[PDB]
Amino acid sequence: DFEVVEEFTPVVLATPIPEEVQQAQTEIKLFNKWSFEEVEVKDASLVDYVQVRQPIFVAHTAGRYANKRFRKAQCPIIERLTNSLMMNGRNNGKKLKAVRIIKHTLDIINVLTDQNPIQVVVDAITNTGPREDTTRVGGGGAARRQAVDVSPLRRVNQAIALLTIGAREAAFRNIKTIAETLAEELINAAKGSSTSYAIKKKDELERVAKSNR
Amino acid sequence: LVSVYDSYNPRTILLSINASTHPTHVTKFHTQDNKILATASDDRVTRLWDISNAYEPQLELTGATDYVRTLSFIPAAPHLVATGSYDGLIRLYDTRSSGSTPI
Amino acid sequence: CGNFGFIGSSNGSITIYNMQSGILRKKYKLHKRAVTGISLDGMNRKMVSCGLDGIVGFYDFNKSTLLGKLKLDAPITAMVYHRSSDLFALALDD
Amino acid sequence: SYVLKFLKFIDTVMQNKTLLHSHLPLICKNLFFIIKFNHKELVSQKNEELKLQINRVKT
Amino acid sequence: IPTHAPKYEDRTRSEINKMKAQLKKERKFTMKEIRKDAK
Amino acid sequence: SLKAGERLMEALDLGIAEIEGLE
Amino acid sequence: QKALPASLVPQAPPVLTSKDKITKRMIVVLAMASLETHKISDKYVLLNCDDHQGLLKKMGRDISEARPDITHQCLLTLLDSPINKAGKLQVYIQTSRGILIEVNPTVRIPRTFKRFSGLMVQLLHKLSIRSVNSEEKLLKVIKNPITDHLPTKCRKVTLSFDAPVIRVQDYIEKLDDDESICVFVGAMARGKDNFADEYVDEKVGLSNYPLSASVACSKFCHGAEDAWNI
Amino acid sequence: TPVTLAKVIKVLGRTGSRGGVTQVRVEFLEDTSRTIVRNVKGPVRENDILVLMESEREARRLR
Amino acid sequence: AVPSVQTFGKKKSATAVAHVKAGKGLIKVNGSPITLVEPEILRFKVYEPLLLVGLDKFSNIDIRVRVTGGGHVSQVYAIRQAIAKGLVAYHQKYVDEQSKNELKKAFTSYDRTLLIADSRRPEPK
RNA sequence: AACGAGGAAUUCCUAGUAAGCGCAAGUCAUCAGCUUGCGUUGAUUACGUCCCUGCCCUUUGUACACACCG
C-alpha cells in the first residue's frame with residue numbers, strides 16, 4: 001500500500017486546546033457532535049432546496065441571505081429552524097437563546113432516538129412539506145376553492161412554519177417547554193405517524209384539494 | 001406513571017408516560033436494546049414501551065396471575081423476557097411471537 | 001508552476017519541497033528500491049514516478065491519492081516526460 | 001393535443017389551396033415557431049398519420 | 001358536568017368617582033377657554 | 001374576456017371537431 | 001382475567017373549551033343566526049321579530065329574517081342534550097353579522113326569552129360574561145375564522161335539505177378514530193344553504209322531509225349518542 | 001397511490017391569472033416525452049423538479 | 001528586526017486589532033487565553049479559522065488580539081476576521097506565496113466574510 | 001371589584017426594515033403628560049402579476065439602417 005505524510009512534528013501549543021476541539025478540526029461536526037456525511041434528502045425535488053452540502057460549526061452564519069429571490073433557498077437548513085423558532089410573540093429577536101434551544105432539542109432527539117438527529121430533521125421536512133394545495137377563485141361571486149400544485153420553496157417554507165407553529169402551540173399553556181415538545185413533535189414527524197401537528201395539517205390540506213379538485 | 005429523564009438535571013422531566021392507573025411497581029431498561037423500556041405495574045400485566053411512541057404500549061404482556069413485582073431481561077436474546085409474579089410461576093415470554101401467551 | 005521541487009531518494013520516499021522558502025511539505029512512499037524518475041504534469045494534476053522495482057506510479061496532486069500502480073517486466077532505469085503531448089518514455093534494462 | 005389539431009388544420013388548408021396564398025407568411029411563421037418550440041415531444045412521438053401530414057405539408 | 005349561571009342585568013366611592021370626572025372635565029374645558037381668549 | 005391563445009385554442013377545437021366529424 | 005380500575009369514584013368528565021385542540025369530540029355551529037343590537041332613543045335592545053316591525057321597517061331590513069327564536073330554542077335543546085352531559089360537544093355561533101361566539105359547555109341558558117335577550121345584548125356590547133361565582137368567563141366572543149379555532153382532525157359538513165340522505169349512525173361508524181366531526185346547521189328563517197360551502201366539504205340530509213334546525217340538531221345528537229353508546 | 005415527478009421547463013406569462021398563481025410547462029421526469037401545462041402557487045423559476053399527484057389533466061386559466 | 005505583521009477586523013461597530021509575529025505557538029486575546037471567550041456558544045465560531053485550516057500553522061506563530069467596542073456577536077465576528085487576515089498576511093510576508101494562496105482558497109471557499117467584511121450601507125430606490 | 005394577550009371594522013410594512021433592550025442630550029420654531037439623538041439584538045414572508053381595485057399613458061412608425069407590423 002501507500003501513505004501520504006503531511007506531519008513531522010506533533011502539534012504542540014502553549015495555550016492548550018481540548019481534545020474535542022482537536023478532533024473537530026480533523027472533522028467538522030455541528031456543535032462538534034454530529035457529522036454531515038451520511039446525511040441525504042431521501043426525495044428529489046428538494047435536494048436543490050434544502051442545502052446540506054456544506055458543513056457548519058454553529059447555526060449562526062450571519063450572511064445576507066434575503067436580498068435576492070432565492071438566497072433563502074441557498075441558506076442552510078438549521079439556520080432556518082433557528083429563525084422560525086425565534087419568530088414569536090414575546091420573543092422577537094433573541095437568536096442566541098433560540099439557538100441554545102435548538103441545541104437542547106438536538107440533544108434530546110439524539111438521546112431518545114438513536115439514528116442521527118440532523119437526519120431526523122431533514123427527513124421530517126421532506127415528509128411533511130405538502131404536495132397539492134388549494135386557493136381561492138373569485139369567479140365573480142360563485143367562489144370556491146381550487147386545487148393547484150406547489151413550488152418546492154413554498155413546500156419547504158410551509159413545512160418549517162407549520163412545524164415550529166405546532167411546537168409553540170403545543171407548549172403554549174403546559175408544563176412542557178418548547179424544546180421538549182418540539183423534539184417529540186419532530187421525532188413523530190420523521191416517523192410520519194399521524195400524531196404530529198404538521199402531519200395532521202398536511203393530510204388535511206391535500207384532502208381539501210382532493211375534495212374540491 | 002413513569003417519568004424518564006437524563007441524569008444530573010432534575011429540572012428537565014424529559015418524558016412522562018402514563019401507564020395503567022394502578023401503581024407501576026418496577027421499571028427497567030433493556031440490556032441489549034437501548035430504546036425499549038419495560039414497566040411492570042400491579043395490574044398483572046407488564047408493558048413494553050418503545051421510547052419513541054410513548055402514547056401506547058408497543059407490546060403488552062398478560063397471562064400473569066397476581067402482582068408481577070419483578071422482571072429481568074436475558075443476555076443472549078433481546079426477545080426473551082422473564083417475569084416474576086407474586087404467586088410463583090416465573091414466566092418466560094417471547095416478543096417476536098404474538099406475545100399474549102407465555103412461552 | 002515553479003513552486004514545487006521533487007526529490008527522488010534512494011529508499012523510495014518521494015519528497016516535495018516548496019522552493020520559495022526551501023521548506024519541506026509532502027512525502028509519498030510507494031517504491032521499495034530506489035526511485036529513479038519523477039515528473040509532474042503541466043496542469044499540476046498528475047504525477048509520474050518510476051523505480052527499479054519494476055513499478056510505475058500514477059498520482060493525483062490536487063488530492064493526495066494513488067491513481068495507478070503499473071508493473072512492468074524489467075526494472076526502469078531512465079525517465080523522460082514530455083508535457084506538450086503528455087507522453088513519457090522509459091529506458092528499460094532489456 | 002392542440003398542437004396536433006393545429007397540424008391537421010394546416011393539412012386541410014393544403015387541401016384547400018386557395019385559402020393558402022393569401023396567408024402564406026402567417027402560416028409559415030406560426031407553423032415554424034410551433035414546431036421549433038414543441039420539437040422534442042413531437043419528434044419523440046410516433047404516429048404514421050403525423051408522418052404523412054408532415055410529408056404532405058412539406059411538399 | 002358542573003354547570004353555572006350567567007351574570008348580567010359602594011355609593012360614596014362611586015360618587016367620589018363621578019365628582020372626580022366632573023372636576024377633570026371642567027378644569028380642562030376652562031383651560032381651553034382661557035387659552036383661546038388670551039390668544 | 002378570454003385571452004389570446006385561449007380563444008385560438010377553443011376556436012381551433014370546434015373547427016377540428018367539425019372537420020374530423022365530416023371526415 | 002383483567003383487573004378493575006384502581007379508583008372507582010365516578011369522576012366528572014373533563015370539561016372542554018377550544019384551547020384543547022387534540023381531543024376527539026363534537027362541535028355544532030349555528031350559522032347566520034340573527035342576534036342584532038340597537039339603541040332605542042334610552043335603552044339598548046336585541047332586535048326581535050314580532051313586536052317591533054315598523055322600526056325594523058324604518059331601519060329597512062326584513063322582518064322575515066330578523067328572528068332569534070329559532071337560535072334560542074336550538075341552543076336550549078343542544079345545551080340540554082345528554083351528550084352535553086357527557087361533555088363531548090361545544091357550541092360556536094357565527095352571527096349574521098360575523099362575530100364568532102364560543103359557548104362553553106357548562107353554561108345554563110336562561111329559559112325565558114326575555115332573560116335570554118338581556119344576556120345576549122350584554123354579551124354583544126361587553127364581549128365577555130362571568131359566572132355567578134365570577135372566576136370563569138363562560139361566553140367568549142372570538143376572532144374569525146372558526147376553522148382557525150376548530151380542532152385539527154375534523155370533517156366539516158353542512159346540514160342541507162336537498163342533499164342525499166344517510167343514517168348518521170352509519171356516518172359516525174364510518175369515521176376514523178381521532179377524526180372529530182363538525183356539523184354546520186342553518187338556523188335561518190328562510191334562506192339559501194350557501195353560507196359555508198367554501199368552508200366545509202359536503203352537504204348532508206337527515207330526511208326527505210324538511211325539518212327545523214332544532215329537530216335536526218336533536219336527530220344529530222341522538223345519532224351521536226347511539227353511535228357512541230352513551 | 002402513485003406519485004410522479006416532473007421538471008419545470010419554461011415559465012409562461014401574460015395570461016390572466018390570479019396573483020400567486022403561475023402557469024408553467026413541465027416535462028415528466030422519468031418519462032422523457034409528455035409535457036403538461038400546470039399551475040403553481042409558490043414562486044418558481046426555470047428548471048426545477050416538482051411533485052405531481054394527478055396525471056391526466058392539463059391546467060387552464062384560473063380567472 | 002522581528003518579523004511581524006498587523007491587521008484589522010471589523011463588524012458593524014467593533015474593532016479587532018491582531019498582531020501576528022513569530023513565536024512559540026500561543027494565542028492571546030485581551031490578555032486571556034482563548035479557551036475563555038465569553039458567549040460560550042460562539043466560542044466555536046471564534047475557533048472556526050483554526051479548525052478550518054489545521055493546527056500546526058498556528059503551532060509555529062504568536063497572535064495577540066485586542067478588541068474594543070460593539071456587542072457580543074459583533075466582537076466575535078471581528079475576532080474571527082482579524083485572525084483570518086492576520087494569518088494570511090503573515091504567510092504572505094515571511095513564507096511561501098503558494099502557502100498563502102492555498103490558505104486563501106480554503107478560506108474564501110468556506111465563507112467570504114473572513115477575508116472581506118460587509119459594512120452594511122443601505123439601498124434607497 | 002375589575003381583570004387570563006383584548007371582537008366587528010380599520011391602519012401600515014419587504015433588510016440592517018417589523019419588533020425588543022436600554023444610555024445621552026433638551027440647541028432663537030415645536031416638545032417636558034414629552035421630544036430628539038446613539039448603540040445593542042435582529043427576524044418570517046413576498047421581489048411576480050395586471051385577474052379584481054383604482055391610477056396613468058398611447059392610439060399619427062416620423063426616428064436615418066436591418067427587422068417587424070401596416
# chains A, B, ... in the order shown; residues from 1 in each chain; ligands from 1
$ interface_residues --of "chain H" --to "chain J" --cutoff "9 Å" --atoms "only C-alpha atoms (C1' of nucleotides)" --output "ChimeraX atom specification"
/H:14-22,43,62-63
$ write_last_selection --atoms "N, CA and C atoms" --output "PDB file, in the first residue's frame"
ATOM      1  N   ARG H  14     -48.205  36.486 -19.307  1.00  0.00           N
ATOM      2  CA  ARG H  14     -49.206  37.316 -19.973  1.00  0.00           C
ATOM      3  C   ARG H  14     -50.622  36.769 -19.893  1.00  0.00           C
ATOM      4  N   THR H  15     -50.789  35.576 -19.346  1.00  0.00           N
ATOM      5  CA  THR H  15     -52.121  35.040 -19.195  1.00  0.00           C
ATOM      6  C   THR H  15     -52.785  35.675 -17.985  1.00  0.00           C
ATOM      7  N   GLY H  16     -54.100  35.796 -18.056  1.00  0.00           N
ATOM      8  CA  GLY H  16     -54.786  36.465 -16.979  1.00  0.00           C
ATOM      9  C   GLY H  16     -55.005  35.487 -15.854  1.00  0.00           C
ATOM     10  N   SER H  17     -54.093  35.505 -14.894  1.00  0.00           N
ATOM     11  CA  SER H  17     -54.114  34.582 -13.780  1.00  0.00           C
ATOM     12  C   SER H  17     -54.100  35.384 -12.495  1.00  0.00           C
ATOM     13  N   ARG H  18     -54.515  34.747 -11.413  1.00  0.00           N
ATOM     14  CA  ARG H  18     -54.568  35.460 -10.151  1.00  0.00           C
ATOM     15  C   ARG H  18     -53.174  35.619  -9.574  1.00  0.00           C
ATOM     16  N   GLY H  19     -53.008  36.664  -8.772  1.00  0.00           N
ATOM     17  CA  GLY H  19     -51.790  36.861  -8.023  1.00  0.00           C
ATOM     18  C   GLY H  19     -51.509  35.670  -7.140  1.00  0.00           C
ATOM     19  N   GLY H  20     -50.318  35.116  -7.272  1.00  0.00           N
ATOM     20  CA  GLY H  20     -49.966  33.916  -6.561  1.00  0.00           C
ATOM     21  C   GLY H  20     -50.145  32.637  -7.338  1.00  0.00           C
ATOM     22  N   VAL H  21     -50.632  32.702  -8.567  1.00  0.00           N
ATOM     23  CA  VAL H  21     -50.783  31.522  -9.397  1.00  0.00           C
ATOM     24  C   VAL H  21     -49.922  31.751 -10.619  1.00  0.00           C
ATOM     25  N   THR H  22     -49.063  30.804 -10.920  1.00  0.00           N
ATOM     26  CA  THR H  22     -48.251  30.923 -12.109  1.00  0.00           C
ATOM     27  C   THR H  22     -48.433  29.688 -12.971  1.00  0.00           C
ATOM     28  N   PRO H  43     -43.413  30.553  -5.521  1.00  0.00           N
ATOM     29  CA  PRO H  43     -42.535  31.103  -6.549  1.00  0.00           C
ATOM     30  C   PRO H  43     -41.756  29.995  -7.222  1.00  0.00           C
ATOM     31  N   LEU H  62     -57.238  30.369 -14.398  1.00  0.00           N
ATOM     32  CA  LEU H  62     -57.918  30.285 -13.112  1.00  0.00           C
ATOM     33  C   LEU H  62     -58.750  31.523 -12.807  1.00  0.00           C
ATOM     34  N   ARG H  63     -59.036  32.342 -13.815  1.00  0.00           N
ATOM     35  CA  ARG H  63     -59.880  33.538 -13.695  1.00  0.00           C
ATOM     36  C   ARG H  63     -59.429  34.525 -12.625  1.00  0.00           C
TER      37      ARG H  63
END
$ closest_atom_pairs --of "chain A" --to "chain C" --cutoff "12 Å" --atoms "only C-alpha atoms" --output "tab-separated table"
residue	atom	partner	partner_atom	distance
A:1	CA	C:30	CA	7.2
A:2	CA	C:30	CA	5.5
A:3	CA	C:29	CA	6.0
A:4	CA	C:28	CA	5.1
A:5	CA	C:27	CA	5.0
A:6	CA	C:26	CA	5.5
A:7	CA	C:26	CA	8.3
A:8	CA	C:25	CA	9.5
$ residues_around --residues "residue A:123" --least-positions-apart "2" --cutoff "8 Å" --atoms "only C-alpha atoms (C1' of nucleotides)" --output "list in words"
residues 41, 42, 119, 120, 121, 125, 126, 127 and 190 of chain A
$ residues_around --residues "residue I:118" --least-positions-apart "6" --cutoff "12 Å" --atoms "only C-alpha atoms (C1' of nucleotides)" --output "number ranges by chain"
A: 62-64; I: 9-13, 77-78, 81, 112; J: 16
$ write_last_selection --atoms "N, CA, C and O atoms (P, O5', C5', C4', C3', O3' and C1' of nucleotides)" --output "PDB file, in the first residue's frame"
ATOM      1  N   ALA A  62     -24.098  34.672   9.722  1.00  0.00           N
ATOM      2  CA  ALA A  62     -24.800  35.943   9.637  1.00  0.00           C
ATOM      3  C   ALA A  62     -24.770  36.545   8.247  1.00  0.00           C
ATOM      4  O   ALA A  62     -24.794  37.772   8.113  1.00  0.00           O
ATOM      5  N   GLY A  63     -24.715  35.725   7.209  1.00  0.00           N
ATOM      6  CA  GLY A  63     -24.641  36.239   5.858  1.00  0.00           C
ATOM      7  C   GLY A  63     -25.928  36.869   5.375  1.00  0.00           C
ATOM      8  O   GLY A  63     -26.994  36.663   5.964  1.00  0.00           O
ATOM      9  N   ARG A  64     -25.841  37.654   4.304  1.00  0.00           N
ATOM     10  CA  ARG A  64     -27.015  38.275   3.706  1.00  0.00           C
ATOM     11  C   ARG A  64     -27.691  37.216   2.846  1.00  0.00           C
ATOM     12  O   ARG A  64     -27.258  36.891   1.744  1.00  0.00           O
TER      13      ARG A  64
ATOM     14  N   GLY I   9      -9.771  43.910  11.951  1.00  0.00           N
ATOM     15  CA  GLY I   9     -11.017  43.229  11.663  1.00  0.00           C
ATOM     16  C   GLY I   9     -12.196  44.034  12.164  1.00  0.00           C
ATOM     17  O   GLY I   9     -12.087  44.714  13.188  1.00  0.00           O
ATOM     18  N   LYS I  10     -13.337  43.950  11.483  1.00  0.00           N
ATOM     19  CA  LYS I  10     -14.381  44.947  11.686  1.00  0.00           C
ATOM     20  C   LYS I  10     -15.749  44.364  11.361  1.00  0.00           C
ATOM     21  O   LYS I  10     -16.024  44.041  10.204  1.00  0.00           O
ATOM     22  N   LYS I  11     -16.586  44.210  12.378  1.00  0.00           N
ATOM     23  CA  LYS I  11     -18.026  44.051  12.249  1.00  0.00           C
ATOM     24  C   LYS I  11     -18.648  45.441  12.373  1.00  0.00           C
ATOM     25  O   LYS I  11     -17.950  46.448  12.259  1.00  0.00           O
ATOM     26  N   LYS I  12     -19.960  45.498  12.606  1.00  0.00           N
ATOM     27  CA  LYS I  12     -20.775  46.692  12.442  1.00  0.00           C
ATOM     28  C   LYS I  12     -20.261  47.908  13.199  1.00  0.00           C
ATOM     29  O   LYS I  12     -20.147  48.995  12.629  1.00  0.00           O
ATOM     30  N   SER I  13     -19.975  47.763  14.488  1.00  0.00           N
ATOM     31  CA  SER I  13     -19.341  48.857  15.211  1.00  0.00           C
ATOM     32  C   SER I  13     -18.359  48.354  16.249  1.00  0.00           C
ATOM     33  O   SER I  13     -18.398  48.768  17.409  1.00  0.00           O
ATOM     34  N   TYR I  77     -17.420  38.070  15.536  1.00  0.00           N
ATOM     35  CA  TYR I  77     -17.125  38.079  14.108  1.00  0.00           C
ATOM     36  C   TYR I  77     -15.887  38.911  13.823  1.00  0.00           C
ATOM     37  O   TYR I  77     -15.091  38.575  12.934  1.00  0.00           O
ATOM     38  N   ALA I  78     -15.687  39.971  14.604  1.00  0.00           N
ATOM     39  CA  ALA I  78     -14.499  40.787  14.431  1.00  0.00           C
ATOM     40  C   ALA I  78     -13.235  39.991  14.703  1.00  0.00           C
ATOM     41  O   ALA I  78     -12.274  40.060  13.927  1.00  0.00           O
ATOM     42  N   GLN I  81     -12.480  37.469  11.894  1.00  0.00           N
ATOM     43  CA  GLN I  81     -11.969  38.085  10.673  1.00  0.00           C
ATOM     44  C   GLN I  81     -10.535  38.557  10.858  1.00  0.00           C
ATOM     45  O   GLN I  81      -9.697  38.416   9.954  1.00  0.00           O
ATOM     46  N   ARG I 112     -16.743  33.893   2.815  1.00  0.00           N
ATOM     47  CA  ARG I 112     -16.020  35.086   2.409  1.00  0.00           C
ATOM     48  C   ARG I 112     -15.994  36.174   3.472  1.00  0.00           C
ATOM     49  O   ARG I 112     -15.154  37.074   3.388  1.00  0.00           O
TER      50      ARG I 112
ATOM     51  P     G J  16     -30.369  46.943   3.856  1.00  0.00           P
ATOM     52  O5'   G J  16     -30.028  48.206   4.756  1.00  0.00           O
ATOM     53  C5'   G J  16     -29.314  48.053   5.973  1.00  0.00           C
ATOM     54  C4'   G J  16     -30.189  47.446   7.027  1.00  0.00           C
ATOM     55  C3'   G J  16     -30.456  48.306   8.256  1.00  0.00           C
ATOM     56  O3'   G J  16     -31.730  47.899   8.751  1.00  0.00           O
ATOM     57  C1'   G J  16     -29.524  46.323   8.938  1.00  0.00           C
TER      58        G J  16
END
$ atom_distance --atom1 "atom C1' of residue J:1" --atom2 "atom CA of residue G:122"
18.3 Å
$ residues_around --residues "residue A:71" --least-positions-apart "5" --cutoff "12 Å" --atoms "only C-alpha atoms (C1' of nucleotides)" --output "ChimeraX atom specification"
/A:49-51,63-66,76,80,153 /J:47
$ interface_residues --of "chain G" --to "chain A" --cutoff "7 Å" --atoms "only C-alpha atoms" --output "PyMOL selection string"
chain G and resi 152-153+198+201
$ residues_around --residues "stretch 28-34 of chain B" --least-positions-apart "4" --cutoff "8 Å" --atoms "only C-alpha atoms (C1' of nucleotides)" --output "list in words"
residues 38, 39, 73, 74, 75, 77 and 78 of chain B
$ write_last_selection --atoms "C-alpha atoms" --output "PDB file, in the first residue's frame"
ATOM      1  CA  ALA B  38     -40.338  -2.147  30.411  1.00  0.00           C
ATOM      2  CA  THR B  39     -42.796  -1.440  33.194  1.00  0.00           C
ATOM      3  CA  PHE B  73     -34.144  -9.404  30.599  1.00  0.00           C
ATOM      4  CA  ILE B  74     -31.797 -12.047  29.287  1.00  0.00           C
ATOM      5  CA  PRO B  75     -28.214 -11.816  27.931  1.00  0.00           C
ATOM      6  CA  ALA B  77     -31.548 -12.889  23.481  1.00  0.00           C
ATOM      7  CA  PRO B  78     -33.153  -9.454  23.192  1.00  0.00           C
TER       8      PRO B  78
END
$ interface_residues --of "chain A" --to "chain B" --cutoff "12 Å" --atoms "only C-alpha atoms" --output "MDAnalysis selection string"
chainID A and resid 104:105 107:115 175:196
$ atom_distance --atom1 "atom CA of residue G:3" --atom2 "atom CA of residue B:100"
16.2 Å
